[PDB]
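Same order as they appear, the protein sequences are chains E and X. The opening position of the first sequence corresponds to residue 127 in UniProt numbering, with each subsequent residue numbered one higher. The opening position of the second sequence corresponds to residue 192 in UniProt numbering, with each subsequent residue numbered one higher. Don't be surprised by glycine CBs; every beta carbon is placed ideally from N, CA and C. Quick notes on the structure that follows.
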Amino acid sequence: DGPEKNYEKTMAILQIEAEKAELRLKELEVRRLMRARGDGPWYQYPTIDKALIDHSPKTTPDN
Amino acid sequence: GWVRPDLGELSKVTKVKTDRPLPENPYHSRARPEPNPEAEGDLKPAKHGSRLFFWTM
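Structure representation (structure tokens):
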């Protein structure tokens, strides 16, 4: 085929490879922030579910 | 005039018409922490796939 096709195909290849490199670096950064701060969907470690608390009147009033 | 309560009457849960206001924060609770933001939006396929090393899907 003509040189144009290899040229354009190289361009498309390079575009998606560069976007993948950028996405990989951004993923690493998002991972670091999420693991350090715990305000993202990731690294959500379990805490006790508050629906397990019984709020019924106890035998003594101060509880 | 004092009639003696029957079996079970003294164990009833009754109601009292009090004038005292209902306590607002009997537990003296702190403000609860703000929750992590929820997930919104529709799922789109992974951009260029897994992007694991040399894999293209």
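Ignore the nearest five residues each way along the sequence and tell me which others in X:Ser241's own chain have a CB closer than 6 Å to its CB.
Here the set comprises nothing.
For a test of the three-state rule: what should DSSP assign to X:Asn227, helix, strand or coil?
In the structure shown, X:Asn227 sits in coil (DSSP, three-state: anything other than H, G, I, E or B).
Using the C-alpha atoms, what's the distance from E:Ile179 back to X:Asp197?
Each residue's alpha carbon lies about 36 Å from the other.
What does E:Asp165 reach in chain X if we use C-beta pairs closer than 9 Å?
Within 9 Å Cβ-Cβ: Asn227, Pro228.
Under 8 Å Cβ-Cβ, which residues of chain E neighbour X:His239?
Chain E residues near X:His239: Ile142, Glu145, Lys146, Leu149.
Can you name the residues of chain E whose CB is closer than 7 Å to the CB of X:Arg242?
The answer, in chain order, is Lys146, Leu149, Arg150.
Quick check on this structure: which residue in E:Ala162, E:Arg161, E:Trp168 has the alpha carbon closest to the alpha carbon of X:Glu229?
Ranking E:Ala162, E:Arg161, E:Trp168 by Cα distance to X:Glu229 puts E:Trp168 first.
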